[PDB]
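Peer 1: Dumping the structure here so I can ask a few things about it.
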Amino acid sequence: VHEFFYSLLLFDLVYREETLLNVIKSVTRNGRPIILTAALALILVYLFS
Amino acid sequence: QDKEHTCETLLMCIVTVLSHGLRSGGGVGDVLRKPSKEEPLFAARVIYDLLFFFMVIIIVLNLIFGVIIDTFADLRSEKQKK
Amino acid sequence: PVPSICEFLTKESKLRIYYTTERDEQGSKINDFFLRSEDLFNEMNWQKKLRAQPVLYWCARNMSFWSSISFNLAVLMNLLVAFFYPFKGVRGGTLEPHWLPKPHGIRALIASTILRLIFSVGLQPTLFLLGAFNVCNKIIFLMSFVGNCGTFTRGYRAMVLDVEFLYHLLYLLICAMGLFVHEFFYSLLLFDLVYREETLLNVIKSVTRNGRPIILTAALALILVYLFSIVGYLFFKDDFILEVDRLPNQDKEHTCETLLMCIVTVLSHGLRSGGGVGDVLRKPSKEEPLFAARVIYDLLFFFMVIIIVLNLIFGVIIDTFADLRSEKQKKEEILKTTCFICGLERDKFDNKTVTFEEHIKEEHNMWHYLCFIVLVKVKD
Ligand SMILES: [Ca+2]
Ligand SMILES: [Ca+2]
Ligand SMILES: [Ca+2]
Ligand SMILES: [Ca+2]
Ligand SMILES: [Zn+2]
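First to last, the sequence lines map onto chains A, B and C.
With the deposited numbering applied, the first sequence covers 2408 to 2456.
With the deposited numbering applied, the second sequence covers 2522 to 2603.
With the deposited numbering applied, the third sequence covers 2211 to 2309, 2327 to 2476, 2522 to 2652.
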């Protein structure tokens, strides 16, 4: 189809690498705290607007 | 280059604040027009800018980053123990 | 034999008593556990009394339903206010078409009815109807809450003293004013998300647990900017030229004429700018007699304030947010691997006769101790 589809193949680096998976698990392990904090930021900017 | 009004609708006003004030490093007071010291609402503008900066930029984003740091230390602690 | 009244505990109260009991400076949970015995007895009495009312019991048996309905309706009306305000002017759609789980189907049907109502009758009537329904659901929830808690038998001093009841009354008042005064009052209802959510409360406690360090650091930053503004007023009076624009009934303007305005300029522009105060002051030439003074002033402001004080506030926040995790881990680990009553450790039961698991549910079960206390209290 298009040569640009080879860009998605870089995501295999996370699968192949063990340390990068841990660095990602840093943000995905407590992702609910982060989602809730983002919602709180949305509430604050809504009030300020 | 011509200026344009953006807070005519509440949705556009929210979009302006959330897309410019949040991304700017100095808060929302940098995208709004800067007032003179003779305005009746100069103090109100100063207080609004400072409150936005302190509550959002200083606190909430740093709080997200602190969450990330604490999790990234919790993983190391449990891995060391295991 | 366990008393007959002991069967009137909800699981929620049991979990709360198991989790929220604190060790004393002795290292024992016995005193705090005993201090809640009379409260547990009184609420068992109220639970037994609630049997005779078949409708109040049904209403008080559905906290989750009323709370979830109220929260969902609040967020729905808040998005509807945000996206379509002001409601002056309606644009129709009508394109070439248009536009197993039971709870998902119910939510989808409710959303379909809501969208048909908003596209059929209008915006303001829909908002009014939604606000009225929210007020009705809130009063139902309030009746359910007061029925389940049952503290109204203690007199109106109990209503005044507690805070959850007061919080719900302010919630209801805000809903009523949003229905009657202005639609913008529904924005305050988003603060119930912090109340409903457990993790967000901990993330807030990160900053509120040592808030005095942060207040003191902010005061120190104010002192530093005050000193820097004094120095600037003394030596760099004519460099405080800022850009302004006058609205009709871009020209520069002097701002450090008064010490108050000079402080305001420094504190509102230098502190917010990422490069210090040297970016809002007029930039000098290399032939000026005070070029080195300006460079030193800019660098000192940057290094002392931007690099140090703000990062120090953030470090305070990080350290508190790690302290909470440390103490929670310690408390939960003590909870898991130690008998509630005698306080013995798990390793004492490694291979002797009976294991720890049956020890903490047959011979030192705390619920049996509570039953014995109730029996002694109720038996003649
Ligand atoms: Ca920007
Ligand atoms: Ca950040
Ligand atoms: Ca600025
Ligand atoms: Ca910072
Ligand atoms: Zn025992």
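Even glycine gets a Cβ: it sits at the ideal position worked out from N, Cα and C.
1. Please return the same chain residues whose Cβ sits closer than 6 Å to the Cβ of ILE2578(B), not counting the five positions on each side in sequence.
2. Check whether the Cβ of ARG2544(B) lies closer than 7 Å to any heavy atom of ligand 1, and answer yes or no.
3. Within 10 Å of its beta-carbon, does residue 2319(C) have 16 or more other beta-carbons around it, so buried, or fewer, so exposed?
4. Taking 7 Å as the cut-off, is the CB of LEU2451(C) close to at least one heavy atom of ligand 2?
5. Would you report the Cα separation of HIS2526(B) and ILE2450(C), rounded to the nearest angstrom?
6. Which residues in chain C sit within 7 Å of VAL2588(B), going by Cβ to Cβ distance?
7. Should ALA2448(A) be flagged as near chain C, meaning a C-beta pair shorter than 8 Å?
8. Give the straight-line distance between the Cα atoms of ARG2554(C) and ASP2570(C), rounded to the nearest whole angstrom.
9. Rounded to the nearest angstrom, what separates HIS2409(C) and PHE2574(B) at their Cα positions?
10. Going straight from the alpha carbon of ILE2442(C) to that of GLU2560(B), what length do you get?
11. For a cutoff of 8 Å on Cβ pairs, would you count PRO2556(B) as touching chain C?
12. May I have all residues whose beta carbon comes closer than 7 Å to any heavy atom of ligand 4, sorted in chain order?
13. With a floor of 3 residues, list each beta strand (DSSP E) that falls wholly inside the segment 2523-2588 of chain C, ordered by position along the chain.
14. Whole angstroms is fine: what's the gap from residue 2485(C)'s alpha carbon to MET2273(C)'s?
15. Going by DSSP in three states, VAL2471(C) sits in which element: helix, strand or coil?
16. Counting only beta-carbon atoms, is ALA2284(C) nearer than 8 Å to chain B?
17. With distances taken between CB atoms, is the gap from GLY2377(C) to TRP2256(C) smaller than 8 Å?
18. Just how far apart, CA to CA, sit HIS2640(C) and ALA2385(C)?
19. For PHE2574(B) and chain D, any beta-carbon pair shorter than 8 Å?
20. Based on the DSSP output, what are the partners of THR2610(C) in its beta bridges?
21. Using a Cβ distance threshold of 8 Å, determine whether the segment 2239-2251 of chain C contacts the segment 2357-2365 of chain C, with at least three qualifying pairs required.
22. Should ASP2389(C) be counted as a contact of ligand 3 given a C-beta to heavy atom distance under 7 Å?
23. Using a cut-off of 9 Å between C-beta atoms, extract the partners of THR2426(C) located in chain A.
24. Under DSSP, the alpha helix (DSSP H) around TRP2639(C) begins and ends at which residues?
25. With DSSP collapsed to three states, give me the class of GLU2410(C).
26. I want to verify the contact list: residues of chain A whose CB lies under 7 Å from the CB of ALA2292(C), in sequence order.
27. Compare the C-beta of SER2545(C) with all C-beta atoms of chain A and state if any pair is closer than 8 Å.
28. Is any beta-carbon of chain B found at less than 8 Å from that of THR2231(C)?
29. Any idea what DSSP makes of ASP2389(C), helix, strand or coil?
30. Buried or exposed: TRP2309(C), going by 16 or more other Cβ atoms within 10 Å of its Cβ?
Peer 2: Here's the rundown:
1. Here the set comprises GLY2548.
2. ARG2544(B) Cβ: within cutoff of ligand 1.
3. Between 2309 and 2327, chain C has no modelled residues, and residue 2319(C) is one of the positions in that gap.
4. For ligand 2, not one heavy atom lies less than 7 Å from the Cβ of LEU2451(C).
5. Approximately 39 Å, taken between the alpha carbons.
6. Chain C residues near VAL2588(B): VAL2430.
7. Under the Cβ distance rule, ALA2448(A) does not count among the residues neighbouring chain C, no pair being separated by less than 8 Å.
8. Taking the straight line joining both Cα atoms gives about 12 Å.
9. In this structure, the straight-line span from the alpha carbon of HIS2409(C) to that of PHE2574(B) is close to 28 Å.
10. Their Cα atoms are separated by approximately 31 Å.
11. With 8 Å as the cut-off, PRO2556(B) counts as an interface residue toward chain C.
12. Taking every residue with its beta carbon within less than 7 Å of a heavy atom belonging to ligand 4 gives, in chain order, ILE2579(B), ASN2583(B), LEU2582(C), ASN2583(C), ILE2585(C), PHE2586(C).
13. Scanning the segment 2523-2588 of chain C for uninterrupted beta strand (DSSP E) segments of 3 residues or longer gives 2523-2526, listed from N- to C-terminal end.
14. Placed between 2476 and 2522 in the numbering, residue 2485(C) has no coordinates, as chain C goes from one to the other without interruption by modelled residues.
15. Of the three classes helix, strand and coil, the one that applies to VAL2471(C) here is strand, per DSSP.
16. Contact of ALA2284(C) with chain B is not assigned, every C-beta pair being separated by 8 Å or more.
17. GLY2377(C) is a Cβ neighbour of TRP2256(C), given a cutoff of 8 Å.
18. When only Cα atoms are considered, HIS2640(C) and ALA2385(C) end up about 30 Å apart.
19. No chain D appears in the structure shown, which is made up of the protein chains A, B and C.
20. Residue pairing from DSSP places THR2610(C) in a beta bridge opposite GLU2617(C).
21. As far as the Cβ criterion goes, the segment 2239-2251 of chain C does not touch the segment 2357-2365 of chain C, which means the pair count is below three.
22. No, since every heavy atom of ligand 3 falls outside the 7 Å radius drawn around the Cβ of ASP2389(C).
23. Correct list: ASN2437, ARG2439, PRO2440, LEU2443.
24. Where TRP2639(C) is concerned, the enclosing alpha helix (DSSP H) stretches over 2638-2650.
25. Helix at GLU2410(C).
26. For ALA2292(C), the neighbours in chain A by C-beta distance under 7 Å run, in chain order, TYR2453.
27. No, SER2545(C) does not count as interfacial toward chain A.
28. Output row for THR2231(C): interface = no.
29. Looking at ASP2389(C) - three-state DSSP - the assignment turns out to be coil, as it is neither helix nor strand.
30. With fewer than 16 other beta carbons inside 10 angstroms of its own, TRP2309(C) counts as exposed.
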